[PDB]
Ligand SMILES: Nc1nc2c(c(=O)[nH]1)N[C@H]1C(S)=C(S)[C@@H](COP(=O)(O)OP(=O)(O)OC[C@H]3O[C@@H](n4cnc5c(=O)[nH]c(N)nc54)[C@H](O)[C@@H]3O)O[C@H]1N2
Ligand SMILES: Nc1nc2c(c(=O)[nH]1)N[C@H]1C(S)=C(S)[C@@H](COP(=O)(O)OP(=O)(O)OC[C@H]3O[C@@H](n4cnc5c(=O)[nH]c(N)nc54)[C@H](O)[C@@H]3O)O[C@H]1N2
Ligand code: SF4
Ligand code: SF4
Ligand code: SF4
Ligand code: SF4
Ligand SMILES: [S]
Ligand SMILES: [W+6]
């Protein structure tokens, strides 16, 4: 017997850090009644098989940590000290702050006199770190309170590129999953440092290489990933579109595209209208005065039924694929090599290796995470990857996909639950002012006349109805619809997002901010400006594990508590291993985890905090009345609780959904109270509730499918690692999205050795088929209006084909592909005192702003201080030695760091000038540890991308100078 | 006996192994500074039995040869640390005859610590200044005898860390050396007949660390 574990209860959990979703085993003393005594990997988990990176591996030290919050703290206006206070006080005083601000700022109708039923004087940030049930509850609390300014993590790294995947494939999600990487024949890692940022991914990447795969890293820097790839190709910052356009030209010129796949399953055959043209860097329909396109100029030619016309022969000159060939002929190897700084020889090596996966018996995957995609053409960068994958037949297949790697453990879930301004849960849009009835709301959903187009979003009215019946089960949906707030139809959508929230705060336009599981004082670009702006709040509720740069901005560097009127409530929540719930990983695996030890001290699960905070607002409205009470008073919170506590199990069953009465649906009888077995059996007429249509199937009458720990696989499942009985993935346990594209029109796999699905004996065998229907009777992209993988994507603001427009403003003057230098539908100062391209990135050992990992002594041990990575060339130029202290400055601020001089950074050759990149981690903050240094976001601009509404954290101009020592 | 096969051609320097060793033994963190390197702690100590060493070598063409060395006691088949300590006191250094683990006891406080380190061809032994006890990797011998992999082996995502019976692990090391030489022609095993921690180096072991091999 091991003494350490002898009398400890073993429970399972899921890592609280990155979206790999590694399994943990937790040992809790006194058979569960004590503290954690051990946390390590779960040997039985199919993704990590017991392995953990230093973050997962140090969760014992995060949990059992004497620096954690113990109870609510209170900071009174102008006060220079915290005041320890009760939960009853804190949640009573906050309930009063909410109601006061709401009553004082509720608008029942906008200037145009349209029903909006909203507050604009409260914002909320967070959080991808919360459980799926807590995310869903939290959003519904904020909306019942009438908030519209509801944002989180996803906006920063994911929202800028998600449209690329929705336009191309019909969904925004990672197409495949982590185990599936082992089936790839060629892995292109581009805008990802996965060995550092998704480390257990490399179990599966290196297993692909074991079976013959070529691993390719395309990155401005040589990283821990690069060290373990066959091919490291340097690219200068922002040259990705040229790189990918060259590969498109290469695939097309050499006929390396998979014709039968392209002809049947992409929109290659669709006839684009005569009004479509491209000249001089501009598509047709350009309004030069307003810098925006009339996208109707890009419309397909339609047949008598309104269905886009097709030439299956692919000969018609206005076939998408012939227009694609014409568009990419400019992207020759010499121009691409010159602008990327990649050698022509290395371009041909990579192009040849990757385009070889066009053959049906080979699969290629692209892995990207954030990289540099936050800028206005990031979405076109990902569009190009999606197009390359559709040409090579790599969508829907094992070892294929666009593996858009999620960041936070539950950023997939937190997006799924609608913690962004523009979406309800299930990706049903937040209504605008003109959507004055539920009928009008539902009319906006596009229809198809093509009988082979599943066009599944036509089912939306069932999901909206069932979601209203989950919040308000005694109300008719049409009445419930009026309870939820609306954004102004007239207003630019990005006015409701992350960056405008900061801009408004700094104009004094918010009374209240929830900083719920986020560290905006460190995570937001231009920290000096945001730390000042937080002063202009009246009150701030910060819910986190530790005291931090956000909770305590008022006593941060250069601050004077006396002068700062913001009332701060710090509410300590419990770590992942101290609560029950689910997190949805990057592959959409919704994974149930259990409490090990009880919450530390008086800490609480987010669920209890938010439910108690709301219950107090409710009763405080029931006894004083005030602005529009109906939403608050009628919100169904009964279903969220058991034993006077937030119930993960009951919230998860509501999110799945149940029959509110006896219903016949899809030719089947269902009894009242029964769980909805699948979104296929939801109704629009009030027979069903469901908090989230994507969750219908996750928690059935068979039980909690998220909680399944079953490694049972058929030979064909096991061959590609589907693990269909291990937890559950939306939608309805389809592990590989778009898998109908993996078979021919008879239902036979293109690649039998790596079959995903196969038509045997009148059924689909393997994965769950992504769309019902006999072989050859449906288009394979069932969430697309038209049903095809879009090579030509006319919904995109910048055009239907990716085109190089220079993201790097300051050092670049020439676009070799057109006369259009910058994005024509999107001003940096480029002050010559700041000649260097600053960038920020992660290291394996730290998490996000470091709020969590700067409290972990083993992670501080490995990576104790902010550093500055620079080339030997920039070192030599600035007289900087390895280990020297340096000052990094921008127009926005300045900080000190330890110089790391390394050949892992080389100069970029731009128009015959060496341009120098400077690298910093954004993991450091003034609060901890001693001598750790401060946020790299002191240096970054807020300015923000006109399109994505996200500032620049990957290419911002700095200077670096040696800070002098005593001789 | 038991044996580690450590395939350094698979190592992503994630340092899961370095954290996992401290978590299992509840070892304290050192006070560390950044002095121009990701490496930290910079060395083995009484409270650090494993640290991942980082070395950068130039190569022609883009990138570098980045060399990662997760350093630990080699659990020598004929350990000289024992021979030296046995001069001053038997039972200070012992050998588990089941696993082959070389184990320091509390009686290391009663022998000449500096001599025991000097006798280590790999320069592994470390001395507590207060107690004068010696510490090092102990093979997680308690875990091993209770069916579990050592902490650093279980935690390792890449397949760098491998552990089992010496015959299986030597056969694995030989088979893997043949495959790894295809992409890394200078690949060698470290002292494979003398030690229970058998590293596969992608080039000259000394490039990884001065004491990589005896
Ligand atoms: N260890 C660890 N892992 C994490 C996190 C963490 O803090 N620490 N955070 C998580 C979160 S929330 C997210 S969203 C993800 C982000 O994951 P990643 O996107 O992998 O994160 P970064 O290291 O910021 O950037 C990835 C790489 O992009 C490269 N890059 C920079 N500019 C360009 C460019 O123009 N082109 C190309 N092709 N590459 C470029 C950088 O050199 C870097 O190596 O990581 C997640 N995982
Ligand atoms: N310069 C620069 N800035 C960046 C980035 C970059 O690459 N460079 N990355 C951007 C990206 S991709 C992202 S996602 C953001 C992240 O920015 P933030 O979300 O502000 O980062 P953190 O707060 O450090 O990490 C998430 C938080 O979750 C908290 N948490 C953990 N468990 C729980 C729990 O159970 N409940 C609650 N309520 N909280 C919990 C942690 O303590 C931590 O504070 O930063 C962005 N900012
Ligand atoms: S941080 Fe990511 S890779 Fe590391 S243990 Fe956690 S989930 Fe796994
Ligand atoms: S855990 Fe494995 S991959 Fe990570 S540093 Fe240690 S040996 Fe290398
Ligand atoms: S075998 Fe055990 S004691 Fe030795 S380095 Fe690994 S974790 Fe540490
Ligand atoms: S490596 Fe050194 S300390 Fe470890 S057994 Fe060999 S001689 Fe003893
Ligand atoms: S994220
Ligand atoms: W992120």
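Cβ: placed from backbone, ideal geometry, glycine included. Neighbour counts: every protein chain shown. Values in this text are rule-based calculations from the coordinates and carry no lab data.
Here the contact order of the range B:80-138, divided by its residue count and restricted to Cα pairs under 8 Å and six or more residues apart, works out to 31 percent. Between the alpha-carbon centres of the range A:10-52 and the range A:129-171 there is a gap of 27 Å. Expressed to the nearest 5 percent, the antiparallel share of DSSP beta bridges inside chain A is 60 percent.
By the Cα gyration tensor, the range A:829-967 has an equivalent ellipsoid whose semi-axes, rounded to whole angstrom, run 24, 20, 14 from largest to smallest.
Direction-averaged shadow area of the convex hull around the Cα atoms of the protein assembly as shown, nm²? For the protein assembly as shown, averaging the hull's shadow over all directions gives 44.9 nm².
The mean number of Cβ atoms from other chains found within 10 Å of a Cβ in peptide A:221-232 is 4, as a whole number. Counted by neighbouring Cβ atoms within 10 Å, the residues A:685, B:7, A:131, A:482 run from fewest to most as A:685, A:482, B:7, A:131.
Peptide A:426-438 has a mean shielding of 0, counted as Cβ atoms of other protein chains within 10 Å of each residue's Cβ. Counting other Cβ atoms within 10 Å as a rough exposure proxy, the listed residues A:502, A:781 run A:502, A:781 from fewest neighbours to most. Each helix, a run of at least 4 DSSP H residues, gives -39500 (n - 2.57); summed and divided by the residues of chain A, these come to -6500 deg cm²/dmol at 222 nm. When each of A:314, A:165 is scored by the number of other beta-carbon atoms lying within 10 Å, the sequence from fewest to most is A:314, A:165.
Only helical DSSP H runs with n ≥ 4 go in: add -39500 (n - 2.57) per run for chain B, normalise by residue count and round the 222 nm mean residue ellipticity to 500 deg cm²/dmol.
-7500 deg cm²/dmol
Distance from the alpha carbon centroid of the range A:893-967 to that of the range A:617-669 works out to 48 angstrom. Considering all C-alpha pairs of the range B:124-214, those separated by over 24 Å amount to 31%.
With all projection directions averaged, the alpha carbon convex hull of the range A:711-860 covers 16.5 nm². Across q = 0.14 Å⁻¹, chain B modelled as identical point scatterers on its alpha-carbon atoms has Debye log10 I(q)/I(0) values of -0.85, in the order of the q list. Taking the convex hull of the alpha carbon positions in the range B:80-138 and averaging its projected area over all directions gives 3.7 nm².
Once the Kirkwood radius over Cα pairs is known for the range A:260-344, the Stokes-Einstein relation at 10 °C and 1.306 mPa s delivers a diffusion coefficient of 107 µm²/s. For the range A:87-163, the Cα gyration tensor yields ellipsoid semi-axes of 24, 21, 10 Å (square root of five times each eigenvalue, largest first, whole Å). The eigenvalues of the Cα gyration tensor, multiplied by 5 and square-rooted, give the range A:541-596 an equivalent ellipsoid with semi-axes of 35, 13, 9 Å from largest to smallest. Between the alpha-carbon centres of the range A:554-581 and the range A:760-796 there is a gap of 48 Å. Expressed as a rounded percentage, what relative contact order does chain B have, with Cα pairs under 8 Å and six or more residues apart? Value for chain B: 29 percent.
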